[PDB]
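Read the single chain below, which is given as structure tokens and is the form deposited in one PDB entry.
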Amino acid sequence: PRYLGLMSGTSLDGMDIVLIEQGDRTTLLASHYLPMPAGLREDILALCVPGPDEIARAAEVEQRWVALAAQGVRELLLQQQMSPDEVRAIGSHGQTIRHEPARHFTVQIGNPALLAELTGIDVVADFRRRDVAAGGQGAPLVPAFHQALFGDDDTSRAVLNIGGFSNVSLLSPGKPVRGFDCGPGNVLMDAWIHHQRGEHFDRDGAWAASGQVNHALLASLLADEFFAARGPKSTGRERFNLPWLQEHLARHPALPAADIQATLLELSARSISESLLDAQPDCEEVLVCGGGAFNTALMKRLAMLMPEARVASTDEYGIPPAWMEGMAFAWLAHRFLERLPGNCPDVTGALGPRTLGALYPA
């Protein structure tokens, strides 16, 4: 059947919407991006830290988020010349405003009942909670999907997402799927260039490529306890943010802004490489998705730090890097409806396999 996937990630630039065909395999039929207004982005970010009157504030933010998603679903279907009735379900991640696996909770907002009401399509949502409920991290959730797409018993491969945050799926033949967050992907580089130069992202990693890696700063950033931990682990804005970076910066004389940028690129390269190679030293292929796949300087640094492996963007495997996550969530809606597991216990640390999500019928 046909499934919609709805993802809104860490960057908060806008919503990813995806149409997939799901039978024996997964086929991307269509994709649609809708920018998020500055107001909504800032209001979401304000909910990402503890604050006053959060229940009402989140309820009102969630309305606008859902109205925008429904709008985006309408636009995709019209542009593809198909009616809501031709889609079996929308797999909606919602929007993470808090991720505290160590306190046994994770918060994705996005009122799925309103989403079903506005789209007239069945909604499967809230995928992370049942994994956390089973003792797991609730993240990353793509591994099972990466496994469905790229699982091959000839070669050991890692499927790496570089978004705001980085995460990897380790597909070792004959062994259970493993994986975890590696740490910051684009989140720090975006925040640094936005703070200094007013731009949302560092195009092709060019500002970073114009500076010099500072070894002292790099070592102290890699000293964060998160990078040392192994096995199931997940992270978010709670750990890696701009105040976090500036605390490491305030201990030492003012450094050139482009050099801080260069260092942050290397932090992402090194934290990915070291955590990946620690878990799958026999890695032969690294398949890269998310925005980071088109960061030239990062894709080059990843190639230098993992010489034993072929580092390549996921587009030369038939899957556009930007749409992988949306597709995963459409696929999770299919998995829910078929009563098939969505998590990987050796990824999240959950007690066992679980059916993820909840069903809100149209």
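Here, rigid core means the biggest group of C-alpha atoms that superpose within 1.5 Å across both forms. Heads up: residue numbers just count along the shown sequence, starting at 1.
There is another form of this protein, the form deposited in another entry, and it is not shown here; the text below is about that form.
A movement of the C-alpha atom of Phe294 reaching 2 angstroms or beyond is seen between the shown form and the other one when the two forms are aligned on their rigid core. Relative to the superposed rigid core, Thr155 undergoes a CA displacement of at least 2 Å between the shown form and the other one.
Expansion of the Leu40-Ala293 CA spacing by 3 Å or more is recorded in the other form, set against this form.
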